[PDB]
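J.: Got a structure here, written out as structure tokens. Questions coming.
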Amino acid sequence: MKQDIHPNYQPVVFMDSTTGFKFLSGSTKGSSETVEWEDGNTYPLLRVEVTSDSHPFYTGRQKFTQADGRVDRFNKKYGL
Amino acid sequence: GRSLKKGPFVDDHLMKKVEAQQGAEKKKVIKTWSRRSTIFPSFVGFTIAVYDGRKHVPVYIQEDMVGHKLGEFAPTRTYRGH
Amino acid sequence: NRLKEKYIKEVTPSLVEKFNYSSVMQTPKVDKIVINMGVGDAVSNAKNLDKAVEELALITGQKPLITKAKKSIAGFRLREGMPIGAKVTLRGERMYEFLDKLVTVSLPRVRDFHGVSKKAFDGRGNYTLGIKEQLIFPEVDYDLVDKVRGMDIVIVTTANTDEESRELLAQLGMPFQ
Amino acid sequence: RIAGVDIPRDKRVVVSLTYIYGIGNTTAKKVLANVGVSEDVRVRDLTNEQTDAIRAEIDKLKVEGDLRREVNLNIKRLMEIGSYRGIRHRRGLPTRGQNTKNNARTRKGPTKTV
RNA sequence: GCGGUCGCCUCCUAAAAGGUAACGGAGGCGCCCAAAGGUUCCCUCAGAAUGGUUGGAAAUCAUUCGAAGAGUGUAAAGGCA
RNA sequence: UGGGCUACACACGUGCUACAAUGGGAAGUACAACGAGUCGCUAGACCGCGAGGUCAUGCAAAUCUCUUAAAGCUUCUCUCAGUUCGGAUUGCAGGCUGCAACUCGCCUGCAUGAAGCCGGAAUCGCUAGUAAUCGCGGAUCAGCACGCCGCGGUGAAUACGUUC
Ligand SMILES: [K+]
Ligand SMILES: [K+]
Ligand SMILES: [K+]
Ligand SMILES: [K+]
Ligand SMILES: [K+]
Ligand SMILES: [K+]
Ligand SMILES: [K+]
Ligand SMILES: [Mg+2]
Ligand SMILES: [Mg+2]
Ligand SMILES: [Mg+2]
Ligand SMILES: [Mg+2]
Ligand SMILES: [Mg+2]
Ligand SMILES: [Mg+2]
Ligand SMILES: [Mg+2]
Ligand SMILES: [Mg+2]
Ligand SMILES: [Mg+2]
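Chains as they are written, first to last, in the deposited numbering: chain 3, 1 to 80; chain t, 2 to 83; chain J, 2 to 178; chain n, 3 to 116.
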């Protein structure tokens, strides 16, 4: 790998702030904040909104009523 | 819209007409002038010939159409561009 | 490295079992990842190409190769050789880390994400995912970007069939529809 | 940020939230009241805890892509049943009884002097 | 007479050496390159199929098919992987 | 009985809302007049985010109600952004009136958030409690007005002059 041309690349642990699940990868992004890690090391911490451990499609668990047929809607609206 | 307490509306004669045909494996066209009649669940599978002002346009009532008035499927004006 | 460990420990035996491989060498692996940013707008303004190159470099951790029109075209207007489009090649640890980020963070951040296509296989076991919009990668900073651009991420594997490629990618983590 | 939309960082939190499709002023005020967040605080100054609580409250709602899908599904359903409303949607004419001899620009598009 | 032509290069005419005419059939030249030369090293094309955001027949990317169907500054013939 | 008079590639009249900071939003507080009311105006209470609903009260009225008017004034916020401007359009869910709201009513709530950055040629009204601006009531009216008639609140600039 040629020297002095590529972007700075350092290890970094990122966390899905919704669930707190964290794990380590590499990125060109850094943070003014850092955290420790297993194996006994410290890495910059990158906060993330969503990951595979929280995204509805990944988890399979839905969050709505899956719509309602119009016949059922009619019967519910008019108590029939 | 129409107050909930009143419940849905359908002309009684039309409701009787559909009731008479509820027990029909092969249903027959139901001719009506009652555009104001709502589409009830029992209407599904029927074909209602709604008067549009000059002729009875047949409308096949699928279950997706419930909640709508009959006249919503019988346009009264014909416009083909200028 | 975590994704590599997954591949070596859990994925490999499972693939061998499923596809009845005589030798471990037959186990498919992700050979390389080629991420290409097609920038035809460079003709109208090169600064767009410069910013696209910068963004791709930030995403991948490597300086991209700035490709040039190999042929001259009228509606695309390159007396052959003008710099339209760029790419990056990832292998080994960098490739595995980038793929892990792609599966675990970047894709979840796609607007109204319902998985990834399942017919997007070349027919020889190489997959390619078309990102419509950047900013799904945390490095993009979502403000330095002036024009939203996408990319094509080609995962080239040693699999001989799209079946094997799909199995490998699913086991490595791929939200197929 | 919150729903995949980067709300203005320097606006007060209610105004920033309003930029989320499916959230109006009333909805933003309601979610902030439920979470316990003062409306005057600029979003840039929000703490991570506040942002996470806001994200949970918003996720409780239907917003953004799903809301667009639902509304478009309703319009498509009208079109496909072929109601008067569906035909109005199809031909870009007012659907709620407005007169079309004049005005109706919002649906018709810019006037074609021809 | 008027019209056309006058020097050089390539093909056919040209009759399997060479050469061979016509106011015979077709085209070019009066340059260009400071690398588009020499050498060392390295590389192999054109298209097609499929997949892939902007992107469409066709820009960039990937895999297979692909013996030359490309390229060789500039006409043609010969030659060159 | 139903439909149409409500159509819609367009052209032109008359109005409403806007394009913002002399403003938007939030909160507090003050001052009218003209008119209408019996199966009609409806107090007060409770329910509902609101439209409104229920119970129920006075009044054929200088007695009760519609009716604590809005601009206004005092603070807080917003900070020039097609925005906390705008409110078209559309989705959903509702309240009424009516036998009935699809053609084809008004209004409310949530959601959405259009063009629009002060307007070419040209053209209109106005000389004072006038223009501008702010509300209020009434007729027709089961329900349906940015239109008309009427009422008051605040409230200016300009007129050298008769050549055109
Ligand atoms: K109409
Ligand atoms: K008009
Ligand atoms: K008007
Ligand atoms: K103010
Ligand atoms: K109606
Ligand atoms: K004007
Ligand atoms: K009235
Ligand atoms: Mg919003
Ligand atoms: Mg109308
Ligand atoms: Mg010879
Ligand atoms: Mg010879
Ligand atoms: Mg050469
Ligand atoms: Mg009649
Ligand atoms: Mg008329
Ligand atoms: Mg402005
Ligand atoms: Mg006078």
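Don't be surprised by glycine CBs; every beta carbon is placed ideally from N, CA and C.
(1) At what residues does the alpha helix (DSSP H) containing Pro56 (chain 3) begin and finish?
(2) Under 7 Å, CB to CB, which of the residues in the stretch 36-60 of chain t have a partner in chain n?
(3) Thinking C-beta only, is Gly46 (chain t) closer than 8 Å to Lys18 (chain t)?
(4) Return yes when at least one heavy atom of ligand 8 lies under 7 Å from the C-beta of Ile25 (chain n), else no.
(5) Spatial neighbours of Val117 (chain J) within its chain, please: C-beta separation below 8 Å, excluding the five flanking residues on both sides.
(6) Would you decide whether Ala75 (chain J) is buried or exposed? Buried here means 16 or more other CB atoms lie within 10 Å of its CB.
(7) Hey, how far is the Cα of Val157 (chain J) from the Cα of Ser40 (chain n)?
(8) Leaving out five residues before and five after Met96 (chain J) in sequence, what residues of the same chain have Cβ atoms less than 6 Å from its Cβ?
(9) Taking the alpha helix (DSSP H) that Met152 (chain J) belongs to, which residues open and close that run?
(10) Pick out the complete alpha helix (DSSP H) segments inside the stretch 87-118 of chain J, 4 residues or longer, and give them in chain order.
(11) State the Cα-Cα distance for the pair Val116 (chain n) and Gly24 (chain n), rounded to the nearest angstrom.
(12) Any residues in the stretch 64-78 of chain t with a beta carbon nearer than 7 Å to a beta carbon of chain n? Which ones, in chain order?
(13) Give the residues from the stretch 54-67 of chain J that approach chain 3 closer than 7 Å (Cβ to any Cβ), ordered along the chain.
(14) Chain t partners of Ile83 (chain n), CB-CB under 9 Å?
(15) If distances are taken between C-alpha atoms only, which option among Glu140 (chain J), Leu66 (chain J), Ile85 (chain J), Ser23 (chain J) comes closest to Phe99 (chain J)?
(16) Is the shortest distance between the beta-carbon of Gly174 (chain J) and the beta-carbons of chain 3 less than 8 Å?
(17) Just the Cα atoms here: how many angstroms apart are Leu79 (chain J) and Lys72 (chain J)?
(18) Given a threshold of 16 other Cβ atoms within 10 Å of its Cβ, counted over all protein chains shown, does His115 (chain J) qualify as buried or as exposed?
(19) Per DSSP, what are the beta-bridge partners of residue 82 (chain 3) in this structure?
(20) For chain n, is any of its Cβ atoms less than 8 Å away from the one on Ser17 (chain 3)?
(21) Report the three-state DSSP secondary structure of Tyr8 (chain J) (helix, strand or coil).
(22) Candidates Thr108 (chain n), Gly84 (chain n), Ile9 (chain n), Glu51 (chain n): which alpha carbon is nearest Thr18 (chain 3)'s?
(23) Which of helix, strand or coil does DSSP assign to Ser23 (chain J)?
(24) Please tell me whether, using a cut-off of 7 Å, the distance from the CB of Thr65 (chain 3) to the nearest non-hydrogen atom of ligand 1 is below it.
(25) Could you name the residues of chain J that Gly24 (chain n) contacts, counting a contact when the two beta carbons are closer than 9 Å?
T.: So, to answer that:
(1) Locating residue 56 (chain 3) in the first sequence gives position 56, where the first residue counts as 1. For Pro56 (chain 3), the enclosing alpha helix (DSSP H) starts and ends at 56-59.
(2) Closer than 7 Å at the C-beta level to chain n, one finds no residue of the stretch 36-60 of chain t.
(3) Against the second sequence, residue 18 (chain t) aligns to sequence position 17. Against the second sequence, residue 46 (chain t) aligns to sequence position 45. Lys18 (chain t) places its beta carbon 8 Å or farther from that of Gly46 (chain t).
(4) The count along the fourth sequence starts at 1 and reaches residue 25 (chain n) at position 23. At a cut-off of 7 Å, the beta-carbon of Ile25 (chain n) counts as near ligand 8: some heavy atom of the ligand is closer than that.
(5) Within the third sequence, numbered from 1, the residue matching residue 117 (chain J) stands at position 116. If we look at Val117 (chain J) and ignore the five residues flanking it on each side, its Cβ neighbours are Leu108, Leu130, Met175, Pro176, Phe177, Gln178.
(6) By one-based count along the third sequence, residue 75 (chain J) stands at place 74. By the 10 Å Cβ count, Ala75 (chain J) comes out exposed.
(7) Your numbering for residue 157 (chain J) matches position 156 in the third sequence. Your numbering for residue 40 (chain n) matches position 38 in the fourth sequence. In this structure, the CA atom of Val157 (chain J) is about 51 Å from the CA atom of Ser40 (chain n).
(8) Taking the third sequence and counting its residues from 1, the one referred to as residue 96 (chain J) is at position 95. Excluding residues within five positions, the ones whose Cβ falls inside 6 Å are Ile34.
(9) The residue labelled residue 152 (chain J) in the question sits at position 151 within the third sequence. For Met152 (chain J), no alpha helix (DSSP H) run applies; the uninterrupted beta strand (DSSP E) run containing it begins and ends at 152-158, by DSSP.
(10) Runs found: 93-102.
(11) Mapped onto the fourth sequence, residue 116 (chain n) falls at position 114. Mapped onto the fourth sequence, residue 24 (chain n) falls at position 22. Their backbone Cα atoms lie some 39 Å apart in a straight line.
(12) Of all residues in the stretch 64-78 of chain t, the ones placed with a Cβ closer than 7 Å to any Cβ belonging to chain n are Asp65, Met66, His69, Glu73, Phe74, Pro76, in chain order.
(13) Considering only beta carbons, the part of the stretch 54-67 of chain J lying closer than 7 Å to chain 3 consists of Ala58, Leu59, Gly62, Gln63, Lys64, in chain order.
(14) Reading the fourth sequence from its first residue, position 81 is the one you call residue 83 (chain n). In chain order: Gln63, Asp65, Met66, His69, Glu73, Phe74.
(15) Numbered from its first residue, the third sequence carries residue 99 (chain J) at position 98. Selected option, being the one with the closest Cα: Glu140 (chain J).
(16) Along the third sequence, read from residue 1 onward, the residue named residue 174 (chain J) stands at position 173. Chain 3, which has a Cβ nearer than 8 Å to the Cβ of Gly174 (chain J), makes this yes.
(17) By 1-based counting over the third sequence, the position of residue 79 (chain J) is 78. By 1-based counting over the third sequence, the position of residue 72 (chain J) is 71. C-alpha separation (whole angstroms): 8 Å.
(18) In the third sequence, the residue the question calls residue 115 (chain J) occupies position 114. Its Cβ having fewer than 16 others within 10 Å, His115 (chain J) is exposed.
(19) The question about residue 82 (chain 3) has no answer, for chain 3 in this structure spans 1 to 80.
(20) Here residue 17 (chain 3) corresponds to residue number 17 of the first sequence, with the count starting at 1. Yes, contact with chain n.
(21) For the purposes of this step, residue 8 (chain J) is identified with residue 7 of the third sequence, where counting begins at 1. Helix.
(22) If you number the first sequence from 1, residue 18 (chain 3) lands on position 18. Cα-wise, what sits closest to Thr18 (chain 3) is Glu51 (chain n).
(23) The sequence position of residue 23 (chain J) within the third sequence is 22, counting from 1. DSSP places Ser23 (chain J) outside both helix and strand once states are collapsed to three, so it counts as coil.
(24) Start at 1 with the first residue of the first sequence, and residue 65 (chain 3) comes out as number 65. Outside the cutoff, so no.
(25) Position 22 of the fourth sequence, counted from the start, is the residue given in the question as residue 24 (chain n). One finds nothing in chain J with a Cβ atom closer than 9 Å to the Cβ of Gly24 (chain n); even the nearest lies about 12 Å away.
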